[PDB]
Amino acid sequence: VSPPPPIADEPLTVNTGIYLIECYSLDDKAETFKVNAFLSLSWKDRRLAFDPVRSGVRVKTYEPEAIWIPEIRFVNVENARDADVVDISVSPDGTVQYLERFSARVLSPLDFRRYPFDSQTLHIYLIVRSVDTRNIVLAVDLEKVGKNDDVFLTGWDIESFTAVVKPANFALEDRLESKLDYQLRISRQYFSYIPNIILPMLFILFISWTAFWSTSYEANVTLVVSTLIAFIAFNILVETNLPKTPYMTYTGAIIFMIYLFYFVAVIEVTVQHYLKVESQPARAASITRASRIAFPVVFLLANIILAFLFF
Amino acid sequence: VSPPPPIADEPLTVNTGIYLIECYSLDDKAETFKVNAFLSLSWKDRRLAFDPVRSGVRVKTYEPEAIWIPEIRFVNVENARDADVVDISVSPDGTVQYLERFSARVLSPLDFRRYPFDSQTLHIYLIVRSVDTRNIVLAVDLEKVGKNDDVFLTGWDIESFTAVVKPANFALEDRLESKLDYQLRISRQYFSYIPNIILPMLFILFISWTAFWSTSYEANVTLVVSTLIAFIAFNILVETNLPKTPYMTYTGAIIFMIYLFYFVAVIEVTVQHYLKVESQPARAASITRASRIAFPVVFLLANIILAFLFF
Amino acid sequence: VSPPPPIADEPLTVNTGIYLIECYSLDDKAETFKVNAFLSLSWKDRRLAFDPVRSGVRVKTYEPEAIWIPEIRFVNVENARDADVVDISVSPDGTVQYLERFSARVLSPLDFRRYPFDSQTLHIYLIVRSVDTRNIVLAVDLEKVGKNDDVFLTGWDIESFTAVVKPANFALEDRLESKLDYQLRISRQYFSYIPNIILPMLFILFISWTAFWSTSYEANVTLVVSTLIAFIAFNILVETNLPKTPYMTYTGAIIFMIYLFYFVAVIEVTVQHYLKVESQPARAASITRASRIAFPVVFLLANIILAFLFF
Amino acid sequence: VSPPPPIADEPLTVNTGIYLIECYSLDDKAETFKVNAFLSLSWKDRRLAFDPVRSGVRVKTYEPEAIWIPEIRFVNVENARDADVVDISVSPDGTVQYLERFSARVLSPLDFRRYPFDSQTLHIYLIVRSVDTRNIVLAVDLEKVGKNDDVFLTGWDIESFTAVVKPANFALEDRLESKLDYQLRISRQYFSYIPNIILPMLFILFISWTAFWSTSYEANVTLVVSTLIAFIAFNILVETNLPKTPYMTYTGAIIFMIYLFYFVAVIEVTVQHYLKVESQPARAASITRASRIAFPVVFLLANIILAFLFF
Amino acid sequence: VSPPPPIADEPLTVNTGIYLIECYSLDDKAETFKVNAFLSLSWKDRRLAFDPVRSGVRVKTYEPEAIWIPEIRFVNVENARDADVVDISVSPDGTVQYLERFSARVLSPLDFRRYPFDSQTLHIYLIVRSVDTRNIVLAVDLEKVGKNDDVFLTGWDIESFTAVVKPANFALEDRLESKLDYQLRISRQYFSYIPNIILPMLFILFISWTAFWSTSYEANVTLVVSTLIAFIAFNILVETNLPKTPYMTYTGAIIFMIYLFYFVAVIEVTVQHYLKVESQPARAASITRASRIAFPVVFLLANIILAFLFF
Ligand SMILES: [Cl-]
Ligand SMILES: [Cl-]
Ligand SMILES: [Cl-]
Ligand SMILES: [Cl-]
Ligand SMILES: [Cl-]
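Residues numbered from 1 in each chain as written, not as in the entry; some residues may be left out. Chains lettered and ligands numbered in written order. Heavy atoms only, no water.

Method of structure determination, per the deposited record: X-ray crystallography was used for this entry, reaching 3.300 Å resolution.

Following this line, the structure appears as structure tokens:
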């Protein structure tokens, strides 16, 4: 089987369509997601054209081996997709209507900078390498691009499944390659975060601020240091939820800031005690009294500054 | 092999049945469960009809390659099922009786809101795509829908295995599809949780309440803060058992409330000390005395409120 | 290939035998184990009978495709076994000596109630579905049921590999099914437990009992609460070894009891302090003095009760 | 199919080229990385030569089964690559132009001594075993050696993808083997480290140094020991990020040094207290006063020494 | 294809050779290791002999399907090896020279008693089952037994790759089987251990010994108990490195001893305080003074006894 010949010198148009059946296994660390979808393909092969009246049939059904089918691959997959041809149908003019059900693990980069208020665009790149006899170009049949209503991705709101109609045609290793960008838009379900992550983390930090209404150095050391341990322990507890990024994230910055605050609170506690011990309790008391306002205010201000920088 | 032709214009009825052999690997995080079962299929193909008299046989046995078999797939599977044809049997009228043993990893969403007193409905969706020559419709042979008595799912009580008789017929990618909902009802085995999770978690919270029979600020800071660490550590210890939900769960609400109580207990401890230090021990003593009743009562009340809201 | 025909109306006997080559991956949580073994099958097919004198051969060797072989499956496997036919041999009478090497992941429930002094019976259920032409029944050739001496399962003592000779013949989906129970008996290697789990866990509890020879409420709060943290931390450390059971285990009950003891020790510590503070040190001292004997005695008593209930 | 025969006694030159499509799953522990790339092969097999005039085509396309293709393997792969032949193109001289898309898990050792400021050279070794009829030698077509601009490896900066043109020809098991070294140069994205790992780890160590402005042995024991716990807990928190090396890493030497500092700080705290208790507070005060400068200075010096030794 | 016939009644000798290409994934817990190697096989089949003069060629190349090849399997593999036939070569006398490249996950037990100063012998057991027509016996061609110099196993020093020349012949399931033991000797790279595991673990224990230069019961309780927590936390931190053995290991014994020492140190701390409180400070002081020497001495001694006991 050879490709259909051009009437003039025109490229072959392969009309594509992806319909999402199942969407699962979004791995935040691996930046991969698993997909189970239909891949629809369409092209004209005049060599397959028939007279419906003499044939008695409106449509002819073929086996994949029997006819020429374009070699469509995905760019951003781990291994080649597991595909099962559902149907091949030929109409009198030689139009081929191909359909297969496939499962694939797709590599799509994720941006955690706005976590947990982040939205993501998942990419599925379709590609075709042109042959010596003729050039092959990809196209999008928007009527054949969809997703099952039941498609769920735990922790995310599935916004849209679309395709960038204009293919990316380019040369690679002395041949033409026509690329298609299919986009799955998702946004994170940030509710649970507040009572599960933020709130208990703020309570632990607020407990260390009680050292500003105490003069007992022993009680203060216990308050600041024991809360620091509790904070680390709490982080270990929530660790699963927070992401491992090589860059600086919003939640990541807040966490860093909380660590800085434990350090500054220690300095205060240490300073207050040294002044008291070095017989200047008026200064010690003024610093502690100031800290009572300074700490929440500077925290609230710095949080506003961060939120602004990230959004 | 082409599909059997219609006598008039009627669709082909494929009588289905699923008999559960093994049920295992219910992954609470992935919302997947592995199944090992029999899939029974039955349809009429008159091209296979024979006279039992001139043949001498009551039944004819065929190889899957030899005859036409409908392309039945599952909707909510990760990859296509691993199937092995057990038997194909044609009765004289041309009625085919297909049987295969298959294993599949099924995606079924789970609702953790009532954990660990939650019940779940696991779905197995059967599907058939209609062809150009004829429409195919799925049906349920209730005598062929069952489950092995030995079917076990560690941590769950297997209630029922049933099917929604009326198929969901709809159009997809320009062709008809007939869908069947098979339901596996399971309810959780919540015993262990009381002595394993709830009770030790209540003991740690009760230890913090002893700060209401103490005046030593140092001892009180140690009681409240060290129990807070112990609580977090205990949560890390039970972490495996509790589920990672993007929404608010019953167990998760209790946990949040316990965090709030540690914060309020700190406020009390802090207030009691400030009043004492600021020379008003009568108020400090009244607050501590009240807390002794207030804390258990408010706890018991808010737990009743929560239980009521969730159940 | 069709099944061998019956002389009268008798069922076909398939003589089975499993010889364990390798045993590995016993997953305590999944209740699965991986197996690599030989499966031997034997039956008489008179159509295959030959004259050794004219043939010059004592035995004829066939390819699996060439002759009829019974469809033997395992009930409690995840997916169908990976089998490789080692040999097929026919003797002049038509006796078939089949042999294959297979690997499979077996689902066998485990009972953790007596952990770490538990023994288990692993099941491998062989099955054959009868055909329309004749009934098939399984049998056990005990000379062909064994296990390699080198078979090891880390942490267990491999007791025996046997089969329940009497098959379980029953009806399923309108046909006869003959089932065989192969049993692998294993018992746990509980040595390490004592120095690794029990002993350090008892030492931490005993440290908390030193609060009965102290009057310092601050030192006592530190002893009881810090040991409670240490206990939880130790549990997190050993967590890998202990099992996640939905029911009550022996080891599990001891752990619960240890949590109760930390709570009672807190009550004592709290009571002793309140009496002292409320100017009744004679009562406080009597309670503490009693606790010194009460705590070890009640602990020892309850453990005896627990051991008795579980064994 | 046998190899093409030599015109004289010359070896067959196979011109190779690898073009990186996707780069993912760099496992720091396993020292493996997953790759999805094009493998281009080119050789002359005159047996395939054709007259374009008689054939009516300028280039002939073949199926892999139809012609002889060299047995190219990778040395450092886990299992054999998953390859899919994209195109086989024969020009009239008999020049074959092969192309396949493959995915493979490549084993390449990593050097963590300079982590997180480490750079790595990933190797992909191409190999061909010579046959009895003629010798096969590998070559590099540099125009066919590249990488997609979109190639990303989370946490790394992809420097270059090159090949050592000169093959490593050697004898193995009585036959010639021609080896090619393809090199992927990567350098780590160390930003996040500072606010994520170092900074909070330095703050915890600095908190322990406050014991040099305190005389309370109880407060000092709490400062040193509680910070030590906090440090260990923090290490458990960052454990995922730091690597498990059998040798000494730069980050690892810093961590070891931090442990030594907690030990020396304990000695000081212990010494200061013993001198005070043994009625020599002048010495105790001088040691503590010195420590205030000694500890940061010695730390800063030893970190400079470490950095120097590693870089 | 049948096996080559014997000239007299002699068995067929299959000359084997394994050449290690890659060695990876040594799983200390699973006691498995992955291996990528060449398997060379050689035997004489006179039915494949040819007159070099009449034939024209000295070596006849065959496809695996074309000739008889002995069924060689590995005993201690999880599933059957992934093999790819590299070459089949028949000399004029009928001497077959087989070569395949295979990858397999091999089960080999490990002995952790001397960890981290352990050495291991990894086994790869080759096996052949004899047939009805002829007995098959394995042999070792030592010139074909080797390993690539680049073979690395992170954390281990690869000592040797050898084979026990004398096969283990025995009967199994009524037939003869010839077994070959190939041995890979490895020894652990124990450097990192000292600064990573031992040293920080000794520092934490030494901190607890400072309680012997203190009289403050509160400071002592804090020293002993807080270090005990730190020790457990440190163990959780290093847990990945240490192995899960059902038997007593050297490291495991040291760890147990360290737990005993924390318990004895508590007793001392408790005793010292009781004597002081019960008005006998002379005894309390003598015990504490003795402990200062007793604890390090008894520790150092018990370690020599342990070291000797294990080596
Ligand atoms: Cl693909
Ligand atoms: Cl399916
Ligand atoms: Cl099976
Ligand atoms: Cl390869
Ligand atoms: Cl094998």
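Attention now moves to the overall build of chain A. When helices and strands are counted, chain A shows 5 helices and 11 strands. Its C-alpha atoms give chain A principal-axis dimensions of about 110 × 40 × 25 Å. For chain A, the residues scored as buried account for 56% of the 311 residues in total. Long-range pairs, those at least 24 residues apart, make up 73% of the contacts in chain A between residues at least 6 apart in sequence. Within the structure as shown, chain A displays about 13,100 Å² of accessible surface, and the carbon and sulfur contribution to it stands at 57%. (Helix = DSSP H or I, 4+ residues; strand = E, 2+ residues; numbered from the N terminus. Buried < 20%, exposed > 50% of the residue type's maximum accessible area, 1.4 Å probe, protein only. Contact = heavy atoms within 4.5 Å. Areas by Shrake-Rupley, 256 points an atom, 1.4 Å probe, with all protein chains shown as cover.)

In this section: the relation of the copies chain A and chain B. Between chain A and chain B, the superposition needs a rotation of 71° and an axial shift of 0.1 Å, giving an RMSD of 0.2 Å. On the angle and the small slide along the axis, the relation comes out as a five-fold axis. Closest approach to the rotation axis within chain A is made by the C-alpha atom of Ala233 of chain A, at a distance of 6.2 Å. Interface overlap between copies: only 5% of the residues of chain A at the interface are likewise at the interface in chain B, consistent with a contact formed by different surfaces. (Least-squares fit on C-alpha atoms.)

All names here are of chain A. When you line up the elements, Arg114 lands in the loop between β6 (95–107) and β7 (119–129). Once residues lying within four places of it in the same chain are set aside, the contact partners of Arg114 are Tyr250, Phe310 and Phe311. A polar side-chain atom of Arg114 sits 3.1 Å from the main-chain carbonyl oxygen of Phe310. (Polar contact = N/O pair within 3.5 Å; in protein donor to acceptor, adjacent residues only side chain to side chain.)

Turning our attention to the sheet that holds strand β11 (residues 175–188) of chain B. Whenever strands of a sheet pair, they do so through backbone hydrogen bonds, lying parallel or antiparallel. All names here are of chain B. Taken in spatial order, the 4 strands make up an open sheet running β4-β7-β11-β10, and their pairing is antiparallel. Where the open sheet ends on each side, the last strands, each with one partner, are β4 (72–74) and β10 (156–172). Sheet twist, expressed as the average angle between the axes of neighbouring strands with direction ignored, equals 20°. Pairing of β4 with strand β7 (residues 119–129), which is carried by 3 bridges, proceeds in the antiparallel orientation. (Pairing = 2+ DSSP bridges. Axes fitted to C-alpha atoms, helices over the stretch in contact; angles between N-to-C directions.)

Right, let's get into the sheet that holds strand β10 (residues 156–172) of chain C. Residue and element names in this part refer to chain C. What the 4 strands build is an open sheet, ordered β4-β7-β11-β10; its pairing is antiparallel. The sheet is open, and its two borders are formed by β4 (72–74) and β10, each paired with just one other strand. Strand-to-strand twist across the sheet, computed as the mean angle between neighbouring axes with direction ignored, equals 20°.

Glancing now at helix α5 (residues 281–310) of chain C. Residue and element names in this part refer to chain C. Taking 1.5 Å per residue, 30 residues should reach 44 Å; α5 reaches 42 Å between its end C-alpha atoms and fits that length. Approximately 35° is the largest bend angle found in α5, and it occurs at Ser291. Taken residue by residue, α5 has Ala284, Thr288, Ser291, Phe295, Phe299, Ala302, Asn303, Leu306 and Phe310 as its buried positions. Looking at the buried residues of α5, the elements they touch are α2 (193–208) and α4 (250–277). (Expected span 1.5 Å × (residues − 1). Bend = angle between axes of the 7 residues up to and from the residue.)

Here the focus is the interface of chain A and chain B. Every contact between the two is made by 55 residues of chain A and, on the other side, 44 residues of chain B. Taken over both partners, the interface formed by chain A and chain B buries close to 4,300 Å², and the fraction arising from carbon and sulfur atoms is 64%. For the salt bridge of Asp174 of chain B with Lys144 of chain A, the shortest nitrogen-to-oxygen distance reads 3.1 Å. In this assembly, chain A and chain B are joined by 12 residue pairs in polar contact. Here the side of chain A that touches chain B gets 11 residues from one element, more than from any other, and that element is helix α3 (residues 217–238) of chain A. Across the side of chain A that touches chain B, the residue classes tally to 26 nonpolar, 20 polar and 9 charged. (Buried area = accessible area lost by both parts, 1.4 Å probe. Salt bridge = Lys/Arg side-chain N within 4 Å of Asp/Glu carboxyl O. Nonpolar A, V, L, I, M, F, W, Y, C, P; charged D, E, K, R; others polar.)

All right, on to the nonpolar core then. Taken as a class, soluble globular proteins show a tendency for nonpolar side chains to be buried jointly. One finds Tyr182 of chain A, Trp43 and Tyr182 of chain C together with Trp43 and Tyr182 of chain D to be the most contacted residues of the largest nonpolar core, which totals 375 residues. Among residues more than four places away in sequence, those in contact with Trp43 of chain D are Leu12, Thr13, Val14, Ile67, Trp68, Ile69, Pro70, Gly94, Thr95, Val96 and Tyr98 of chain D. The next biggest cluster of nonpolar side chains, apart from the first, holds 47 residues, and it includes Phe33, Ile124, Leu138 and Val140 of chain E. (Core = buried A, V, L, I, M, F, W, Y, C linked by side-chain atoms within 4.5 Å.)

Turning our attention to the side chain of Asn76 of chain C. On the secondary structure map, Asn76 of chain C appears in the loop between β4 and β5 (82–90). By relative accessible area, which is 3% here, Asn76 of chain C ends up buried. A distance of 3.1 Å separates the side chain of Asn76 of chain C from the backbone nitrogen of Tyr125 of chain C, its partner in a polar contact. Sequence-distant contacts of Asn76 of chain C, defined by excluding residues within four places in its chain, comprise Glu22 of chain B together with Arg105, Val106, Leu107, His123, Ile124 and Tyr125 of chain C.

Attention shifts here to unusual backbone geometry. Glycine aside, negative phi is the norm for most residues, and most peptide bonds take the trans geometry. Going from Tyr115 of chain B to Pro116 of chain B, the amide bond is cis rather than trans, its omega being 5°. Along the chain, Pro116 of chain B falls in the loop between β6 (95–107) and β7. Notably, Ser25 of chain D is not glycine yet its phi reads approximately 45°, a positive angle. Inspection of the secondary structure puts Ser25 of chain D in strand β1 (residues 12–27). For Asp174 of chain E, which is not a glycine, the phi torsion comes out positive at approximately 75°. Since its relative accessible area comes to 73%, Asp174 of chain E is described here as exposed.

Frequently, the measure chosen for interface size is the accessible area that the parts lose on association. All names here are of chain A. For chain A, the domain assignment lists domain 1 (1–192) and domain 2 (193–311). On a C-alpha basis, the centroid separation for the pair domain 1 and domain 2 is 52 Å. Opposite the 12 residues of domain 1 that make contact, domain 2 presents 16 residues. Among the residues domain 1 hides against domain 2, the three largest losses belong to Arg113, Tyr115 and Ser192. Together they make up 47% of the total. (Domains from an automatic or database assignment.)

Taken together, the contact pairs 54 residues of chain B with 46 residues of chain C. Looking at the side of chain B facing chain C, the largest losses of area belong to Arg101, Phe203 and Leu237 of chain B, adding up to 13% of the total buried there. Counting every contact that joins chain B to chain C gives 3 salt bridges. For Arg175 of chain C, the salt bridge goes to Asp87 of chain B, with nearest N and O atoms at 3.4 Å.

So, on to the pairing of strand β2 (residues 32–44) of chain E. Residue and element names in this part refer to chain E. Within β2, 11 of the 13 residues are buried, which leaves the element mostly enclosed by the surrounding structure. By the bridge criterion, 10 bridges tie strand β1 (residues 12–27) to β2 in an arrangement that is antiparallel. Along β2, the bridge assignment pairs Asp27 with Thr32. Here β1 folds back onto β2, and the loop between the two strands holds 4 residues, one of which, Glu31, carries a positive phi near 60°. Bridge count for β2 against strand β6 (residues 95–107) is 13 bridges, and the pairing is antiparallel. Bridged to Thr32 within β6 is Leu107.

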